[PDB]
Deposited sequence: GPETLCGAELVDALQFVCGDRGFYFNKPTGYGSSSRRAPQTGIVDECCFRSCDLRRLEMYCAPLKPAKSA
């Protein structure tokens, strides 16, 4: 029951959702080796709200 996004598709999705903010791949940590969007969205399905957690912060 996929809806995994992997590779180019994942990036397309990130570009589309994040727009001009940009996006990143690894959840911050500190102070379980690095995991992030591939793990949550490619190896298993994630919804739009997970995905949107990987947009860079709004600056002003």
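- Missing from the model, by position in the deposited sequence, are residues 32-37, 67-70.
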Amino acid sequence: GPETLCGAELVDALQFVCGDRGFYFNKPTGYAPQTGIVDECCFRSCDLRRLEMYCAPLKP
From here on, numbers count along this sequence of modelled residues.
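- Compared with other PDB entries of the same protein, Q34 is missing from at least a third of those that resolve the residues around it.
- Ranked against the other modelled residues of its chain, the C-alpha B-factor of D39 as given in the entry falls in the lowest third.
- In the PDB entry, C6 places in the lowest third of its chain by CA B-factor.
- Per-chain ranking of the deposited C-alpha B factor places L58 in the highest third.
- Per the deposited record, the Cα B-factor of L51 falls in the middle third when ranked against the other modelled residues of its chain.
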